Amino acid sequence: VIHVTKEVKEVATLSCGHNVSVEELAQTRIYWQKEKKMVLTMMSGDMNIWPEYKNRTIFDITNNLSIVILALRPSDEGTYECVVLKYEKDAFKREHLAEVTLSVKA
Amino acid sequence: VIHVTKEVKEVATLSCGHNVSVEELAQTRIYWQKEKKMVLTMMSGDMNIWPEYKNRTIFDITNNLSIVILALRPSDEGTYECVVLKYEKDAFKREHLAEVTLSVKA
Amino acid sequence: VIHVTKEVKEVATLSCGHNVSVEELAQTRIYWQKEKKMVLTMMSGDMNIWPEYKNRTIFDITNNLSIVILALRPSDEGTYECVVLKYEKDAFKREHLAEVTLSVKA
Amino acid sequence: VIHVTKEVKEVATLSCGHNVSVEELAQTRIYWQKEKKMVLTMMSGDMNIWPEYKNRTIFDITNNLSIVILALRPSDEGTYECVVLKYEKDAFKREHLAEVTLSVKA
Amino acid sequence: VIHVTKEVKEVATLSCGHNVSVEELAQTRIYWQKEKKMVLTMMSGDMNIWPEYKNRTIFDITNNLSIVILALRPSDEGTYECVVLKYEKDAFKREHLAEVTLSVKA
Amino acid sequence: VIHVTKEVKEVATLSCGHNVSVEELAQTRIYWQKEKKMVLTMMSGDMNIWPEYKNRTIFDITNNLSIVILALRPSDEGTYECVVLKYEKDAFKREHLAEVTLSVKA
Amino acid sequence: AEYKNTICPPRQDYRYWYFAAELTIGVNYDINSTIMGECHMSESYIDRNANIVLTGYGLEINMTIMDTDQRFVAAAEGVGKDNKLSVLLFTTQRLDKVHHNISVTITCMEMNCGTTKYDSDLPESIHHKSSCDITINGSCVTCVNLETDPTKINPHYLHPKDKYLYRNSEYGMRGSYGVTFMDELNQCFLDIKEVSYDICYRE
Amino acid sequence: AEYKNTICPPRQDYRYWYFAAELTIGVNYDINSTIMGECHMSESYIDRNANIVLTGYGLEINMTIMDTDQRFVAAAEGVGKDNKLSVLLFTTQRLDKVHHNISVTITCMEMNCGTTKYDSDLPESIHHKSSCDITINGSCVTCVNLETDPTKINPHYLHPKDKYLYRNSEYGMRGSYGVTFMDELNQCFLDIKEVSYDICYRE
Amino acid sequence: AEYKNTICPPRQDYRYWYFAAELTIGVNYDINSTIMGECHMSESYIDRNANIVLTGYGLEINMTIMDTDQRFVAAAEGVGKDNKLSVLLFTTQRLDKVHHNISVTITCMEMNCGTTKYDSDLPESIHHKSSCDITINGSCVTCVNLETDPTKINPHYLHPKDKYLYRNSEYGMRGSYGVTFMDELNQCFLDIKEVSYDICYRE
Amino acid sequence: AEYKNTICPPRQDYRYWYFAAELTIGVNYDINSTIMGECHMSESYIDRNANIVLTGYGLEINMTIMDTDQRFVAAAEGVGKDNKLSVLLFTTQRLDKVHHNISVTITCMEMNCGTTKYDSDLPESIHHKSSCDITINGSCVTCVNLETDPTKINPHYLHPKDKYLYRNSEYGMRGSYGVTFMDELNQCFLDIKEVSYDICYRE
Amino acid sequence: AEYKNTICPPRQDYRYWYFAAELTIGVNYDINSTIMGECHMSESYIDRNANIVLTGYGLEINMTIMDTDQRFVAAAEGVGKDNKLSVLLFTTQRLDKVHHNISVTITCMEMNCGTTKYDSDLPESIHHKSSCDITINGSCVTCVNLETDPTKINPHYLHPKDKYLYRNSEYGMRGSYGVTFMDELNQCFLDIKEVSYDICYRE
Amino acid sequence: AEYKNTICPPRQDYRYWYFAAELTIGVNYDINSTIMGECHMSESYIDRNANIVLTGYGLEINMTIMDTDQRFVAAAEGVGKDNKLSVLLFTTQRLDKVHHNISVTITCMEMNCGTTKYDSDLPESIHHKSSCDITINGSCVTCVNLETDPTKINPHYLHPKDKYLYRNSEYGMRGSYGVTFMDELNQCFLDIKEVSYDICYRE
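What counts, and where the lines are drawn
Residues numbered from 1 in each chain as written, not as in the entry; some residues may be left out. Chains lettered and ligands numbered in written order. Heavy atoms only, no water. Least-squares fit on C-alpha atoms. Contact = heavy atoms within 4.5 Å. Buried area = accessible area lost by both parts, 1.4 Å probe. Salt bridge = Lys/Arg side-chain N within 4 Å of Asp/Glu carboxyl O. Polar contact = N/O pair within 3.5 Å; in protein donor to acceptor, adjacent residues only side chain to side chain. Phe/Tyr/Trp six-rings, centres within 6.5 Å; stacked < 30°, edge-to-face > 60°. Helix = DSSP H or I, 4+ residues; strand = E, 2+ residues; numbered from the N terminus. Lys NZ or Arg CZ within 6 Å of the ring centre and 35° of its normal. Disulfide = S-S within 2.5 Å. Buried < 20%, exposed > 50% of the residue type's maximum accessible area, 1.4 Å probe, protein only. Pairing = 2+ DSSP bridges. UniProt positions renumbered as here; feature names shortened; annotations may be inferred. Axes fitted to C-alpha atoms, helices over the stretch in contact; angles between N-to-C directions. Nonpolar A, V, L, I, M, F, W, Y, C, P; charged D, E, K, R; others polar.

Engineer: What am I meant to see in the relation of the copies chain G and chain H here?
Structural biologist: Placing chain G over chain H gives an RMSD of 0.1 Å and needs a rotation angle of 60°, together with 0.1 Å of translation along the axis. Within this description, the copies of the chain are treated as partners about a six-fold rotation axis. Ranked by how close their C-alpha atoms come to the rotation axis, the residues of chain G are headed by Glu203(G), at 26 Å.

Engineer: Whenever I open this one, the interface of chain G and chain H confuses me. Can you help?
Structural biologist: When the parts of a complex come together, some accessible area is lost, and that lost area is often taken as the interface size. Chain G puts 18 residues into the contact, and the matching count from chain H is 14 residues. Area buried by chain G at its contact with chain H is led by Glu110(G), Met111(G) and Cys113(G), which between them contribute 39% of it. Across the chain G-chain H interface, the total number found is three salt bridges. Notably, a salt bridge pairs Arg11(H) with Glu110(G), separated by 3.0 Å at the nearest N-O pair. Remark: the boundary between chain G and chain H carries eight residue pairs in polar contact.

Engineer: Looking at this model, I keep getting lost on the packing of aromatic side chains. Mind explaining?
Structural biologist: How two aromatic rings sit relative to each other is given by the distance of their centres and the angle of their planes. Enumeration over the complete set of coordinates arrives at 42 aromatic pairs over all chains. Ring geometry for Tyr87(E) versus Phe92(E): centroids 4.9 Å apart, planes at 65°, classification edge-to-face. Ring centres 4.8 Å apart and planes at 70° place the aromatic pair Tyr118(G) and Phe181(G) in the edge-to-face group. Of the two residues, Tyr118(G) is situated in strand β8 (residues 116-123) and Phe181(G) in the loop between β12 (175-180) and β13 (196-199); the sequence distance between them amounts to 63 residues. In textbook terms, an aromatic cluster arises when at least three aromatic residues are bridged by ring pairs, as seen for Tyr16(G), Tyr164(G) and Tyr29(I). One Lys or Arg, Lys36(C), reaches over the ring of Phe189(I) and ends 4.4 Å from the middle of that ring.

Engineer: Please clarify how the state of the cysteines should be interpreted in this entry.
Structural biologist: The bond known as a disulfide is covalent and runs between the sulfur atoms of two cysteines. On inspection of all chains with the given rule, the structure shows 24 disulfides over all chains. Shown here is the disulfide that connects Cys143(G) with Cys188(G), its sulfur atoms set 2.0 Å apart. Here the disulfide of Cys143(G) and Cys188(G) is right-handed, its torsion about the S-S bond being about 90°. With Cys143(G) in strand β10 (residues 141-148) and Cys188(G) in the loop between β12 and β13, this pair connects stretches of sequence that are 45 residues apart. Both residues of the pair, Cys143(G) and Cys188(G), count as buried. The residue that forms a disulfide with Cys108(L) is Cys140(L), at a sulfur-sulfur distance of 2.0 Å. Its S-S torsion of about 125° marks the bond between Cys108(L) and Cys140(L) as right-handed, since a negative value means left-handed. Placement of the pair is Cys108(L) in strand β7 (residues 102-108) and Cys140(L) in the loop between β9 (131-137) and β10 (141-148), with a sequence separation of 32 residues. By the burial criterion, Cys108(L) is buried, and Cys140(L) matches it. Sequential numbering of the bridged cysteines in chain G gives the disulfide pattern 1-6, 2-3, 4-5. With no disulfide partner, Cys132(I) has as its closest neighbouring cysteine sulfur the one in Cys188(I), 13 Å distant.

Engineer: Honestly, the pairing of strand β5 (residues 46-49) of chain A in this entry has me stumped. Any pointers?
Structural biologist: Across a regular strand the side chains alternate sides, sitting on one face of the sheet and then on the other. Residue and element names in this part refer to chain A. Bridge count between strand β4 (residues 37-43) and β5: four bridges; the pairing is antiparallel. Bridge assignment links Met43 to a residue of β5, and that residue is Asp46. Here β4 folds back onto β5, and the loop between the two strands holds two residues, one of which, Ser44, carries a positive phi near 55°.

Engineer: Mind showing me how you'd approach the UniProt feature "disulfide bond" in chain A here?
Structural biologist: The sulfur atoms of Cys16(A) and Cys82(A), a pair UniProt annotates as disulfide-bonded, sit 2.0 Å apart here, close enough for the bond to be present. One end of the pair, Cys16(A), is in the loop between β2 (12-14) and β3 (28-34); the other, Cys82(A), is in strand β8 (residues 78-86), and 66 residues separate them in sequence.

Engineer: Whenever I open this one, the pattern of salt bridges confuses me. Can you help?
Structural biologist: Two side chains that carry opposite charge are able to pair once their charged atoms sit near each other. Counted according to the given criterion, the structure contains 88 salt bridges over all chains. The partner of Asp69(L) in a salt bridge is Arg48(L), with the nearest N and O atoms 2.4 Å apart. Of this pair, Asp69(L) sits in the loop between β4 (59-65) and β5 (72-80) while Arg48(L) is found in the loop between β2 (40-46) and β3 (49-56), placing the two residues 21 residues apart along the sequence. Taking relative accessible area as the criterion, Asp69(L) reaches 17% and is therefore assigned buried. Within this structure, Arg11(G), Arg15(G), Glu38(I) and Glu110(I) form a network of salt bridges that share partners.

Engineer: I tried to follow the sheet that holds strand β6 (residues 58-60) of chain F on my own but got confused; where do I start?
Structural biologist: Sheets are built from strands paired through backbone hydrogen bonds, the pairs being either parallel or antiparallel. All names here are of chain F. Strand order in the open sheet formed by three strands is β2-β7-β6, and the pairing between neighbours is antiparallel. Both edges of this open sheet fall to β2 (12-14) and β6, since each of them pairs with a single strand only. The average undirected angle you get between the axes of adjacent strands in this sheet is 20°.

Engineer: I'm lost on the side chain of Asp76(D) in this one. Help?
Structural biologist: Residue and element names in this part refer to chain D. With respect to the helices, strands and loops of the structure, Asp76 is situated in the loop between β7 (66-69) and β8 (78-88). What makes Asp76 buried here is its relative accessible area of 3%. Here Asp76 is in contact with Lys34, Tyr53, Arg56 and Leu102, once residues within four sequence places are set aside.

Engineer: I keep staring at the sheet that holds strand β7 (residues 66-69) of chain A and nothing clicks. Help me out?
Structural biologist: Residues and elements named next belong to chain A. With respect to topology, three strands assemble into an open sheet ordered β2-β7-β6, the strand pairing being antiparallel. Only two strands of the sheet have a single neighbouring strand rather than two, namely β2 and β6 (58-60). Adjacent strand axes in the sheet meet at a mean angle of 20°, parallel and antiparallel pairs treated alike. Examined bridge by bridge, β6 and β7 share three bridges and lie antiparallel to one another. The residue bridging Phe59 from the neighbouring strand is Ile67, located in β7.

Engineer: Please explain the interface of chain G and chain B as it appears in this structure.
Structural biologist: Of the residues lining the interface, 22 residues belong to chain G; the matching set on chain B comes to 16 residues. In this structure, the connection of chain G to chain B is made through one salt bridge. Between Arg174(G) and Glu99(B) there is a salt bridge; the shortest N-O distance is 3.2 Å. Remark: the boundary between chain G and chain B carries 14 residue pairs in polar contact. Elements with a minimum of two residues in the side of chain G that touches chain B: β8 and β12 of chain G. The residue inventory of the side of chain G that touches chain B, partitioned by class, reads 11 nonpolar, seven polar and four charged. Note: strand β9 (residues 91-105) of chain B against β12(G), two bridges, orientation antiparallel. From the neighbouring strand, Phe92(B) faces β12(G), where its bridge partner is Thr180(G).

Engineer: Is there a simple way to think about unusual backbone geometry in this case?
Structural biologist: Trans peptide bonds make up most of the peptide bonds, and negative phi angles are found at most residues other than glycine. Residue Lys36(D) is not a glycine yet carries a positive backbone phi of 65°. Tracing the backbone through its elements, the reader meets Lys36(D) in the loop between β3 (28-34) and β4 (37-43). Judged by its relative accessible area of 48%, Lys36(D) falls in the partly exposed class. The residue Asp82(H) is not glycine, and still its phi comes out positive at about 65°. Residue position: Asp82(H) is located in the loop between β5 (72-80) and β6 (84-91). Using a relative accessible area of 58% as the deciding quantity, one classes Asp82(H) as exposed.

Engineer: Looking at this structure, how should I read the environment of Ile67(B)?
Structural biologist: Residues and elements named next belong to chain B. Along the chain, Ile67 falls in strand β7 (residues 66-69). With 15 residues separating them in the primary sequence, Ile67 and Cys82 have C-alpha atoms 10.0 Å apart. Those residues within four positions of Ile67 in sequence are excluded, and the remaining contacts are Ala12, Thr13, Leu14, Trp32, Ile58 and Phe59.

Engineer: Even after reading the chapter, I still don't get the environment of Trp32(A), so can you show me in this structure?
Structural biologist: All names here are of chain A. Inspection of the secondary structure assignment puts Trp32 in strand β3. With relative accessibility at 0%, the residue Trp32 sits in the buried group. On a C-alpha basis, the gap between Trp32 and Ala91 in space is 20 Å, while along the polypeptide they are 59 residues apart.

Engineer: For this particular structure, what's the right way to read the environment of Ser103(C)?
Structural biologist: Residue and element names in this part refer to chain C. When you line up the elements, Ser103 lands in strand β9 (residues 92-105). Sequence separation between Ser103 and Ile61 is 42 residues, and the spatial gap between their C-alpha atoms is 23 Å. If we ignore the near neighbours within four places in the chain, the residues touching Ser103 are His3, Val4, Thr5, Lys6 and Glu77. In this structure the side chain of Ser103 is engaged in a polar contact, spanning 3.2 Å, whose partner is the side chain of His3.

Engineer: Would you mind showing me how to read the side chain of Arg56(E) here?
Structural biologist: Residue and element names in this part refer to chain E. Along the polypeptide, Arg56 turns up in the loop between β5 (46-49) and β6 (58-60). Here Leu70 takes part through its backbone oxygen, which lies 2.4 Å from a polar atom of the side chain of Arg56. Discounting chain neighbours no more than four positions away, the residues touching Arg56 are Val68, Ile69, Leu70, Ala71, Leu72, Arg73 and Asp76.

See the structure below:
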């Protein structure tokens, strides 16, 4: 679902569209970003959320690496991309790239 | 008849010089125009006359695709060309082109 | 005789130097001119004299296509050329060109 | 020991790091210098110390061609190089180059 | 004798240096000149003397084509050249060229 | 002796360094000169001395073609060159060249 | 030994041109403006057949007049609005007053190339005494219109200074052929005075 | 005798360019700025395989598209910050909407040369309908990212004046591949507007 | 061993010119004005026959003087009003005072070409002691006039600076030939002073 | 199939330079100032031996590094006071940290020529882990000094604009050799900043 | 083994000229002024015979000095009034004081050509110790005059700047030959200072 | 295996010149001033013999130094008053301090040529340890003077900017030879500072 539009103040569920088994998360790096601005990182099980999203961003690993944003704000409109890297022998290989756009009605 | 001259207010009978069977008119397109300005179209049985000629233009299909203009006016002087196109398989092919000039004495 | 000089008011006889039988005059054209200005033409038996010489020019055909000018005038001094053309098949071919000069003593 | 730091007024022992037998000193030349400024020469047994160091420079030949400087001064900071040349047949060949740096705390 | 000097008013005998038999003088032309200015000519027996020398020049043919000038004048100083031309078949050929200089003492 | 120094007013004996027998002097030319200025010549037995040296110059032929100068003067300092030439068949050949310098102490 | 007029011999340069035909081709890919040196041409008068081959603007045009006393001498190309290409053809003079059959082959060379997409015969609209064998190779041509011996068209435009131009003045020698491959009317017309023409370079 | 579209014939100069892909490579040796005449290019359309070989800035890039109706027509190179090399590739028009497998071989030629250091197969991240066989010879490449049929990228930049440019507008035809050899995230991105590009020279 | 005059040896460039003839030709197609370099000439003196071949302005002129001691050295061409071409011919000096027979072949090459349209013999009008064999190949010539040893005509016009010009002064050496193919009088005359001439180039 | 670094392929022009050594030679004949184009260089990498031959200022210098992964890429020459010639040598990058044996042959070519005057082996003064085989042919050399992997020396001077320069920064890789043939101390040193250098020309 | 003077070897350029003779020829056709580059010259010293061949102003002059130690080195030509051509001849230095026989052949090449019109032997007028074999082919020459070892004539005129000139100063070495073919006196004279000369070109 | 000095190898350009000798030749024909490019030279070092051949100003000079370690490298020529030619010779350096035998052959090539007029041996005036074999072919030389290892003469004059000049400073190495063929004294001297010298061109 490339395009998702939610009314203000509601819960925005942005889906990465890919599922990574909990066993393999040791060799996987997951990044959610918004127009070259980092939103969330999950480097080898070490999670990291930037200040602008630290309070209102729940990362659901099991539900297709989705992100739940509570209290959607008019400044959250934009394009989000989810990138997953699998640690092949000696290298990091991108195994999935997704793009989801969020629109705000106000 | 390249040249036809009719006294004002009379009936101007401009002949196309070509006869098309009513059966084949389904596959035929007929256009009467006057110096790059359209006068009449008969696209696949759908007739169309422009505003400057809508009131005073009768299209006689049987009589050699002729046009009868009632109440000839001094602004009608010019060159008229009649073109007939037959819908060959996948293409429209021009099968006739006639030129008739109308002169007004006033 | 290239050079001929006659006392004023006398009769001047300019000879073409060529003789053409009356029988052949049908297929012949004779011109007398004076420095690119026509004086006399005899096209196929049709004679013609220009206004400046119409009154005082007699064209003797038999006497070697001669011209007799009565009442010679001081303005008549110049060079006269007589040209004869025979109508060969499909073309006119020059068969004699002569040049005679007239001088006036006054 | 590239770097040696001694408190002011103490004894500075700068070691050349090379041992030359007294027997071979006849055919040897030893130079101690400091940034292209000569400090000590021992040409074929003839010693020489420049005025800036004449009073306070003892040359210990046996102890690795070392130099002992008494009453170290803040102007003595710099890099010292010790070069030894052996008189091969017809030429002087460099057989050892060392670099020792002295630092002063004040 | 290239150079001849005679006291003024005396007799100046300038010799051509060549002898031409009277028999051959019919075919001979003899010229005496002085610096591109003609002095005497004997063309085929017809003699000729220029005005500046007509009164005081005697042409002795027998005595080596000599010229006798009586009453020598100070303006007569100059170089004289004698030339003899023999009339070869269809051409004139210079058979002798002589040069004699006259000086005047005054 | 390239360099000879004599106290003023004494006798300066400048030697040529070459000996020529009196028998051969007939075929010999001897020149003494001083910096491109001639001093003495002995051409075929005819002697010649220039004015600056005529009174105070004696040419000793037997004593190595030497020159004796009496009353040496401070203006005589310079370089004197002696050259001897032998008259080979058709040419004069330089058989000796000597240079002697005279210094004056004053 | 009876005099008859004959075609003139070949030459490197032709100074006497006869306006033989006007060819208009509309395409579905973008051509912006006339370019100097874009069009090249080759000519061949073999048998009594006169052939011209033009290359330019991503199109190759091979036109042939059959059993003719004419010879192609020059060609010019210009670009009009809506991606229309106008080709002016100049031959030697017209000795005989007879309509000749035409053969035109248009091939795409830069955009929308393909195998033979159209191949048919076009009647001469005005008089119906000759025909034009038309063959389109590709899917790039939308309309084609050919006017042989055009009277109305004025071929002087920027008439070359060193040349002489002659044009037909008789309605009986006009010939018109045309095919449109789009549901709309032919609309292959483009005013001559609104185009910028450049002469093709013989090679 | 049924019409089918076919690839265009080869040409000396191509005027119609399709933005085939964008390739980004990061190196561990200094490259300062774009240089005119630095990049040289060679192209070959053999079988249904299109091969482009680029030499420049101390790298050789050999890219091959397998079983395609496209032919490479041009390439451009530019240097960004952090020693990043951006390569733009232009082919003929896309005929079919099918993802083609890619093969990319990067070889170091001026710094940090060596034997094959990497050889693997990269999935197509967005759709997973193709793959890229990647081979790196040397120890100079730190990251590689390839974007086939880019939509977001704007290939006009200093668009050549004499050419026509076309780009993909569909998200379904996009393709992304990438590998990073450094512990940090890929960070092989470099904005197109911040780079200065120069056209590679055919030879 | 008896002396006799002889023709001069061939030269690359000639300086002494004798005005040998003036040829005037009228055509039925358009010639506008003189063009520098439009005329080329070839010369050949074989046996005692002197031949000049001139190419220019859509015409080829092949002229021959039979059993002569002369040799063509130069030619000039100019265009007058009413589509008249004037040709001036310069030979070596005239050794003997005898009228020579002439042969003129005019052939069309650019307009109204054809097979032999005319072939006849033209008397010498003034004296009738020679003739000119005239042959016209085409349908372009309307009138032809030839003046051999012209007296009245002035061949200095723009006389070349490096040359010397000589002309006849005797009415007894004049010769005139002419044929007109149009019902109107010959009127092939054109004043020399009203024409602009250019020298033909040997090749 | 285990990855290993390898030397780079030969090139016509090198951009990345490593300051490999600094050779200083003193002569007993007059050299006044640096002359543009006075130095020529030849390079050869055969086996694992790298050889540079320099001709200039009346000297020939044949230098060889044994069993190395480097390759000479450039050389520059300059003249200092007291008739001193300074030579800067630039190779490819240093793959391994091991001291290599050197071979230097200095030959006179314009003044004081002769047969082999000196031939010996010089220790590496700082570390004594290698040697330099020195051969002097002539009687012109007074002192010789070689500095391999110089740290203090600054090879930027008038650094060429189109290149990148790299230099060693470790005292453990420094190497020093020297011989003086004059009773005075070596004094073959000459400040780099007081010299004017010109690049030698490959040929 | 007794020394004897000998002629000098041939050279490309001669700097020392001796005024050998002055040749004056009058023609019956117009020559206007001196022209640069008009005269060409050839020289040959075979046996003890010296030959000069000059081509210019419509004449060919072939002069030969028999049994001499001199070689022709230069020639100059100029045009005076009344159609007079003056030719100055320069040889190497004179070794022996003996009069040499001369052979002069004049041939007309542009006007009034013909077979041998004159062939005779002209005595040496002043001293009658030699002769000149004169031949004239044509009917163009009116007078001929040759002066050998001229004293009065001044050969400096515009003396070439890079050369040295020498002339005879003795009356005993002078020689004069001449023939006039016109009833008037010889009058072949033309003052040297009233003529403009140009040097003939060796080829 | 004992070191010995050897002559330097050949070169296209010699930058180190040694003032070997000064040759002065007086002639009886006119030489006005120095001319650039007038003198040409050839050199050959065969066996231990060094030969120079100079051509200029109407003279050929062939000089040979026998059994020497020197090679001629340059020569200059200048003209002084009274028709004196001065030749400066420059060799390589002087390895041995021994007087060598000389052989000089002067040949006249432009004035007063002849067979061998003089052939003799000239002692060395100053020291009498060598000799000069002199041969004059012609009757143009009046005096000859040769100064080998000249001390007084200053060879810098207009010393060439790119060369180094060395000269002898010892009286013991001086050598003087001379012959005069005129009754007056030798007077072959001409001050060096009053002459204008130009360098001969090797060929």
